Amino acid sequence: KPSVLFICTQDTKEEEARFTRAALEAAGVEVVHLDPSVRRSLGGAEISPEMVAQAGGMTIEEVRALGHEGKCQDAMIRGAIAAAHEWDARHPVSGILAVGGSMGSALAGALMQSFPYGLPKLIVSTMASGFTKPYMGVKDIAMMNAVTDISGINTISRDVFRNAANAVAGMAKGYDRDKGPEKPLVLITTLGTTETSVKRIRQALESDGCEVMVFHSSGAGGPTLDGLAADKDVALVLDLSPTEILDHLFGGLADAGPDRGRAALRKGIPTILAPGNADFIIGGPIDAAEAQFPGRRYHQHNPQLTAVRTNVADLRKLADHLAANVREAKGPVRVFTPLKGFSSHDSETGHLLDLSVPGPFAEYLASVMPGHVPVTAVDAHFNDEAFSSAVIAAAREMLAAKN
């Protein structure tokens, strides 16, 4: 029998998970239930909430002690993705089914984007608003809504759950993981403010036959890349947005701890580094951000998040940290850095342009990197075709290397 990874929190409405798991089993698959609940642990799940938390580096006690709703969701996203790949590496699944509200669907979307293209993936959403919007697109994720007003406002339809179980079971029984052409797996980090070049890079390498995954470097994406680099078969890492490292260095909101970006280097995966988004630290709401980082220029991204302009002194600490990471690398590394700005905020159309910073940064980064890691300073903005073209050419050389 094929195995389906089933993602569903039991702390709310435990009958949804019970019903859907029974419908999967009745349709002829085995179930591995991953339960990322924070409020209560009901039992009956292969991957318990406690296991989920710890896979991400926190005990559930520590997760429950977070006083920040965003950081708490990030911890369970990080844990769920870590636990799912740690499991799949040893016991491969043939499909992923998720049932959740706004937060649970968002967690499932991120997790599903980190599994291979073509693996069956289905989210059953239970919020009245639209489907979740996974980062940079739905990709191959199938979506169904279970909310109906028939028989009562905001009924959660068991007919949808039954249809979803029968669908995923059908897909899983038809799925042949070791089929089709093998596609080298390329992992990329980005923020919205570096998507222009990241999209060009993605499209070029996919055109070559690679499978490219793109992760949002806002607190959980970088850790997803790091987990894949350690536990799955990755051909190339393009760690182009070190937001989570820079925020770690200065107390920003994307802090994901000190080991961000080290895994690929320790595994010896060919890696390209770039300083996308190094023009800002991510602070909180404007009044808090200004209080935490006085005397700077700010851009209010949304009500919760403020881009805080960096300076040369800030980026020398980033350079030092990246150089130390690279000195631990067990495989090849290249570094590319743009001379005319790091993101769309740091641009002629943005609110944080400061052209005095890229030059000194590039010169210092080259001085601290070891001799076997060349730094290429590109006379372009990050989002210029000249910069994506330079990264693409380098990626293609690293992917052409023979065993």
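All residue numbers refer to positions in the sequence shown, first residue = 1.
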query: Residue range whose averaged C-alpha B-factor is higher in the record, 62 to 70 or 36 to 44; finding: 62 to 70
query: Per the entry, higher mean C-alpha B factor between 339 to 347 and 48 to 56; finding: 339 to 347
query: Top Cα B factor in the deposited entry, candidates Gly221, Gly95, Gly209, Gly170; finding: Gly209
query: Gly79, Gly261, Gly109, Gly174, ranked by C-alpha B-factor: the highest one; finding: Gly174
query: Chain-wide C-alpha B factor ranking for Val31, given as lowest, middle or highest third; finding: lowest
query: Chain-wide C-alpha B factor ranking for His381, given as lowest, middle or highest third; finding: middle
query: Position of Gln10 among the chain's modelled residues by C-alpha B-factor, lowest, middle or highest third; finding: highest
query: B-factor third for the C-alpha atom of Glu182 within its chain; finding: highest
query: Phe131 by Cα B-factor - lowest, middle or highest third of the modelled chain; finding: highest
